[PDB]
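Step one of this worksheet: look at the structure below.
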Number of protein chains: 2
Amino acid sequence: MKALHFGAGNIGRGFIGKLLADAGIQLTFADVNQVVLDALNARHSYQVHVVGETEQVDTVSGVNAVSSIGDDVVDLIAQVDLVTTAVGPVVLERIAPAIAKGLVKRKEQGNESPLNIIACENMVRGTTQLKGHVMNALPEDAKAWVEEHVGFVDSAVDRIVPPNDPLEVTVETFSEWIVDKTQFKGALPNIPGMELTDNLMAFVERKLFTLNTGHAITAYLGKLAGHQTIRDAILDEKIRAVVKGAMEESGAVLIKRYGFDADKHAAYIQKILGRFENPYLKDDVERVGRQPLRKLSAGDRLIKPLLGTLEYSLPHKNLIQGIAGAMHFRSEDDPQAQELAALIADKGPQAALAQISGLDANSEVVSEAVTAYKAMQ
Amino acid sequence: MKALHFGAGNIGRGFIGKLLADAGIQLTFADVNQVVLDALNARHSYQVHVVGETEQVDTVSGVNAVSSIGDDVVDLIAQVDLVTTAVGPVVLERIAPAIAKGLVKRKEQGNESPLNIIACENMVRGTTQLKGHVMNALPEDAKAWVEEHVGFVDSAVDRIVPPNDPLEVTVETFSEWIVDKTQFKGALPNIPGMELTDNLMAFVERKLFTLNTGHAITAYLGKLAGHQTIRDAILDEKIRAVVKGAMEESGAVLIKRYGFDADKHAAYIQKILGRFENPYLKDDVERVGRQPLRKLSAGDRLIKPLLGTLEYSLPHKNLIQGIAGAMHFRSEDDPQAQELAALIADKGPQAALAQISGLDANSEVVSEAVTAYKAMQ
Ligand code: NA
Ligand code: NA
Ligand code: NA
Ligand code: NA
Ligand code: NA
Ligand code: NA
Ligand code: NA
Ligand code: NA
Ligand code: NA
Ligand code: NA
């Protein structure tokens with residue numbers, strides 16, 4: 001099997017491309033960074049430091065690379081079995097005309113072997129979003145053929161990969177890659193570390209409501225307590241209790257909503273606490289806490305679980321502490337943190353929280369959050 | 001009939017709310033800006049300067065307002081026949097928990113009169129996007145009832161409304177408001193100035209490929225020629241020829257793709273040229289040209305029509321001039337224009353264009369654009 005992966009950044013090299021190459025798939029990266037392209041074509045391999053219990057150095061080999069903006073990438077799309085991405089939303093749109101030209105060429109070459117495309121992005125159903133972009137660049141006369149031969153498979157991915165050698169990358173031991181089984185065309189690939197499900201949204205929300213929720217609250221409370229790193233914060237027993245409790249509160253929602261087994265979910269929470277303890281990552285709380293306006297939005301990792309607890313009459317006291325810690329995040333380098341500070345300064349925490357989150361300013365939850373915010377100054 | 005409109009900004013007051021109130025609908029605005037809320041509740045009316053052939057002053061009356069973040073807005077959602085928005089993508093998410101709470105209350109009050117929700121946003125199928133946000137905030141036990149009783153109707157809207165009295169607004173005479181007939185629940189409303197179609201995407205693309213394309217190219221070529229305003233630029237016969245020709249080239253694509261009548265489309269192009277001639281707007285080319293990276297993206301108003309001309313073997317020379325003018329846009333106040341300048345400076349126009357647009361750097365169209373770019377310095 002052959003795969004083309006767009007985005008040879010830390011995620012592409014240390015997680016998605018790594019798993020593809022480790023599976024024995026002939027892997028080509030596509031990128032615009034010439035230094036990374038040349039390094040991959042020069043050495044055909046690189047080292048990934050996989051760190052958690054111990055530091056392991058894994059070697060990824062037999063890889064090569066092409067420019068995402070040239071003609072070779074189009075030729076490859078006409079030949080490979082899988083196309084994956086880890087590029088972010090702006091570049092996810094930019095690669096669409098090359099993918100569309102690739103699909104036209106695939107049809108013109110008479111390659112009817114099923115192709116599956118999997119966007120591995122920090123987005124909900126990113127591959128469906130990519131499909132939208134590809135449709136916007138594909139000729140009408142190719143659309144039927146593409147519907148028949150090409151699967152746009154959504155995924156949910158989770159691996160902590162923080163910021164001489166332009167190819168080395170350090171990643172945590174843990175990873176999760178789950179894809180929607182029902183969208184694949186043809187025989188399902190056997191890629192170790194990739195799991196197929198009929199219920200992708202359950203896993204998307206699990207990750208959002210557990211990993212993202214816990215990680216953010218660890219960062220926000222940690223910064224308030226003067227902790228440098230996620231590890232320092234999670235080993236602080238006062239902070240740990242609130243982080244664990246918030247993931248448990250959000251977990252009761254997931255259990256009710258999706259039917260996850262309670263004992264396995266408890267173990268998944270323990271596994272995430274261990275991930276935060278990683279002694280090799282030295283992940284700055286300021287990095288993890290960045291963009292608090294996004295992280296305080298209605299559909300995101302603090303308000304959505306809270307709305308779930310309201311839906312089911314479940315307890316949210318630790319979530320409320322998390323929201324108050326988020327509201328306290330300050331960073332000179334973060335424009336959202338600046339906007340946040342200015343909004344609370346101008347309108348007060350109650351109006352500010354309502355305006356960012358969409359919670360009614362008169363509500364009991366907003367009342368509870370404002371109390372908690374006041375208590376942390 | 002009763003309507004609630006979220007977003008009492010220039011678009012809400014001068015276009016969407018104006019048409020609703022002019023139709024005799026009892027209109028309430030929802031916003032977070034207390035000055036605008038108080039002015040609307042104090043005076044219950046305001047003046048809209050409608051300018052084109054002449055300057056007309058219209059009065060909008062019998063309106064009131066509530067906070068989008070309080071409890072009265074929830075009560076209103078349980079009572080009104082229509083909810084409209086003009087808030088932008090960030091606030092479109094933020095209003096979702098209030099809408100969801102409103103729908104729960106609508107069900108709990110036993111109001112089974114059909115409700116239709118229409119987001120009037122500079123987005124493709126914004127109401128479908130809003131629906132996604134509302135679903136993320138609505139209890140599972142309300143979802144069936146909402147599917148039965150509530151329509152989320154996509155729209156395509158077009159009115160040029162550029163930047164003492166906090167309520168007055170100036171708008172061009174022309175407006176267009178088209179909505180997807182097939183998504184309405186119950187009897188269709190009679191709102192003058194709102195048209196219902198089975199084929200909304202045809203109108204979305206028409207506006208993107210004609211108004212947006214023409215308006216952007218007028219701004220970009222105008223700025224290069226030292227013209228202050230859209231009117232100054234469009235009356236420059238050299239610029240006008242390129243703007244008209246680009247809208248015609250994009251128009252041949254729309255005619256082939258959607259079956260628009262060629263004579264009516266020619267007249268629609270003439271109508272847009274007249275809109276650019278408006279002598280009362282004094283619209284700065286720098287404002288209209290802002291965000292060139294967005295405007296040079298694969299799915300946007302310059303590259304998508306170009307891809308269409310490639311699809312159908314149609315002529316794009318004027319589109320190419322437009323792309324080269326966009327690539328020349330400079331503004332200190334515009335971070336994208338800064339990013340653009342830095343990218344061309346670092347990588348050269350060919351690589352820069354390919355990296356922003358997704359066109360193959362080796363392609364003839366990229367070659368043509370680079371020539372044109374070089375010719376304009
Ligand atoms: Na691995
Ligand atoms: Na295969
Ligand atoms: Na069980
Ligand atoms: Na309340
Ligand atoms: Na409450
Ligand atoms: Na009007
Ligand atoms: Na009605
Ligand atoms: Na005709
Ligand atoms: Na070519
Ligand atoms: Na070409």
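Quick note on labels: first sequence line is chain A, next is B, and so on, each numbered from 1. Only this structure's heavy atoms are used, side chains among them; waters, hydrogens and symmetry mates stay out. In each ligand, atom 1 is the first atom listed, and ligand 1 is the first ligand listed.
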### Heavy atoms of other groups near A:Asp38 CG, more than 12 under 6.0 Å
yes
### Query
With sequence neighbours left out, what residues match A:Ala86 under side chain to side chain contact (heavy atoms under 4.5 Å, CB included)?
A:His5, A:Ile11
### Query
How far does OG of B:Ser175 sit from CD1 of B:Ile160, to the nearest 0.5 angstrom?
11.5 Å
### Query
With a cut-off of 6.0 Å (strictly less than), are more than 12 heavy atoms of other residues, nucleotides or ligands near CG of A:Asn190?
no
### Query
When you measure from the centre of the six-membered ring of B:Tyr268, is the NZ or CZ of B:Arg206 under 6.0 Å away and within 45° of the axis?
yes
### Query
Which protein N, O or S atoms sit under 3.0 Å from the Na ion (ligand 3)?
A:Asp261 OD2
### Task
Give a yes or no on whether the backbone of B:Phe6 and the side-chain of B:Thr85 come within a donor-acceptor separation of less than 3.5 Å.
no
